[PDB]
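Engineer: So I pulled this structure from the PDB, and the sequence comes with it:
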Amino acid sequence: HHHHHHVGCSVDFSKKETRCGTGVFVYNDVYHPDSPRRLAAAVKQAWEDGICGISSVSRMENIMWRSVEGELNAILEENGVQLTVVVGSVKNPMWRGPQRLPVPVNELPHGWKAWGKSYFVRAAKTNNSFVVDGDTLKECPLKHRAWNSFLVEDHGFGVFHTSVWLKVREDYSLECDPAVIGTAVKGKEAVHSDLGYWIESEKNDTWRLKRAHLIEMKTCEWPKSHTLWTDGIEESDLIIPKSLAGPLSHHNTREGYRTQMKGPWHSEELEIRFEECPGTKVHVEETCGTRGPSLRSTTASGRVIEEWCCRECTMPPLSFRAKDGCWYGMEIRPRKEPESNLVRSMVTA
Amino acid sequence: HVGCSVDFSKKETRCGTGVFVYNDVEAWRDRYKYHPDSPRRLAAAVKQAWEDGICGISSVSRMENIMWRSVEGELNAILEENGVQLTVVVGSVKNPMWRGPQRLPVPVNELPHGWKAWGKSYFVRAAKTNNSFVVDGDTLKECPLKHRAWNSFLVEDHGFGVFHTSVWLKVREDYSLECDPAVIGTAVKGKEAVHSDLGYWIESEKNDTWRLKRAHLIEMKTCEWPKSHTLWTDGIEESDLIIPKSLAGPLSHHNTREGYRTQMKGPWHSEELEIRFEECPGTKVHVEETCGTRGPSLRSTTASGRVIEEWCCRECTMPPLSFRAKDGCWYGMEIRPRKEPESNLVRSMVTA
Ligand SMILES: *[C@@H]1O[C@H](CO)[C@@H](O)[C@H](O)[C@H]1NC(C)=O
Ligand SMILES: *[C@@H]1O[C@H](CO)[C@@H](O)[C@H](O)[C@H]1NC(C)=O
């Protein structure tokens, strides 16, 4: 019926029309970490070489560690290693660790093979704990933690069969795994995306950021291989910071805005949108305050400030939508209310 | 933008929302109606075109030529109505589609009496004229390249759609070298990528590095592929690109391959090409430092029709760069005949 590798159909949903064909399709998609023995050996070596724990790149890696925890600890127990892997909650932003899990090239002896084992006995706890995120910087600082250690294999990831085959890197790097990245353009609309970011861009006088949905705040570097228009861009003209996995792209820009370093990156989940916060208004006045830490539309008392301003940004105003409320861009300050009364972002990319 | 897709290779099916770049290669000549401005405005633009020295048109794409062809009758009729002894003659597409240094002017004073819509029929065709406004078709002799308009039209905001085959266009306000970004679709997922439009289908992949996998060109246009619709547009010299920048090649690392540089002298006279990394049938290429130097792309067959069996290259890589056209299989510039004297071979007599 067809001699191609991929076939897809777009739906026009009222016409009853339906266009099929072949090509490349980027959907809004917003675990086998090596052989068990090899991973276990990597963790043993990790402790034995100073690395106390892990800072996950994404909300994937964390979930994986969580789903591997039992078998990993059991195998560590089998081969005489008093060490317990503890997997905690994801903390935003997902900070960059200087370490990475070493390839042992000498996998632990008496584990088995596959990753889907059950009905076994859980291992015992230990004073020695291999930490994985979850509010534990006090007992294990960032700078002794592995980060971005895993790479998806060649055909390791797919959406139709939800297996994800991973390996421990041979090299250290800052690049986000390009296996799960999908970027596309069509006429005056475009998108950069992965499993966490959904970043839309449009064409209105200039190419620019339309809106973005972040489900995580990672700090890896979005590869240019999977980025559009990567030349002639001052890093400070971006919206989503480079150090926040923002694509080095002209698509990642907006007239009258600079890099949102001090955005509300402590949030679980943000929706960067160009719309006034509910009940608020914004004026473009050169008498407004200078750009500073992103402020929330509501005070700690939940009091909603009405009038805001910006020195020379453009409308509609940049804003972040989190569960705790609505934040404004760095350029946008309260017009009348003194900044000292408002909730500010205590974080920096 | 809602859809479903199946990947046989990894055996999987998926639905959802997102962005979908299809192989829409060949501006499906059987089916689009074109609306190049209002009839009167276009007519005025052509009148002014002659009256300002521009004798004719060099089309950017096969689509523009087809459009002109489908507009011809009504255009000439309207020119006739308003007392303008001028006949638009549309000829065949010639490759490469050469870049004309000029473009149709916006009159901002549309011709007075013509009609308003573009779909009229049952009318009397206009009479011919000594004055001819040429559109491609072997006419450089009676009108040289450098007196022709080129890349004059822009697709409107929501002017192009694949679902309703209407195409709404306007005459440009400014001259430019950029390919119309309206019909351009570019995408990456995992280790596979594509840069495409209604003329090009350029596949790149990820082996050790990113590289050109294979390309399919139903036309040889000479506009400039915009960086806005291109991936990885930094850290590449114009000479790194396999498909020449002046041959609408994307400024991209995706448009590269180890052991090969710009195919300026590729077989760009062809009506159609499949750039493939695979030996020409009945030939073998040897990486030899004793080989000849880069020159015009040679066809794997003599003009008489015989296969040259042995080829070589100074420092290129295998499989060899080749171009598949209806008239045979050409090699990349880096690849030369191992023994046969280049005198009796067929060479590309064209340059991007
Ligand atoms: C986008 O362009 C339209 C004109 O077509 C304009 O009305 C609109 O305000 C622009 N978008 C923004 C956010 O200004
Ligand atoms: C790179 O491509 C060659 C053929 O062009 C293939 O044989 C090889 O396996 C590829 N590299 C890898 C790492 O698979």
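Structural biologist: On my side now, so go ahead. Numbering: from 1, shown residues only, chains lettered A, B, ... in the order given. Ligands and ions are numbered 1, 2, ... in the order given.
Engineer: Does the residue of chain A at minimum distance from chain B belong to a helix, a strand or coil?
Structural biologist: In chain A, the residue that lies nearest chain B is residue A:160 (2.0 Å; C-beta to the nearest C-beta). For the C-beta atoms, the positions are set from N, CA and C on the backbone; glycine is no exception. Classification of residue A:160 using DSSP: H, G, I helix; E, B strand; the rest coil returns coil.
Engineer: Leaving out sequence neighbours, find the closest residue to it.
Structural biologist: Distances taken as C-beta to C-beta, 6 or more residues apart in numbering or on different chains place residue B:12 nearest to residue A:160, at 2.0 Å, with adjacent residues excluded.
Engineer: Run through the bridge partners of that neighbour.
Structural biologist: Note on residue B:12: beta-bridge partners by DSSP bridges are residue B:7.
Engineer: Can you name the residues that contact it?
Structural biologist: By C-beta atoms under 8 Å, 6 or more residues apart in numbering or on different chains, residue B:12 lies in contact with A:158, A:159, A:160, A:161, B:6.
Engineer: Now the fourth one: phi and psi?
Structural biologist: Here the main-chain torsion angles of residue A:161 (degrees, to the nearest 10) amount to phi -110, psi 110.
Engineer: got it, and the second one?
Structural biologist: Note on residue A:159: its backbone torsions stand at phi -100, psi -30 [degrees, to the nearest 10].
Engineer: Same question for the first one.
Structural biologist: Dihedral angles phi and psi of residue A:158 (degrees, to the nearest 10) take the values phi -160, psi 160.
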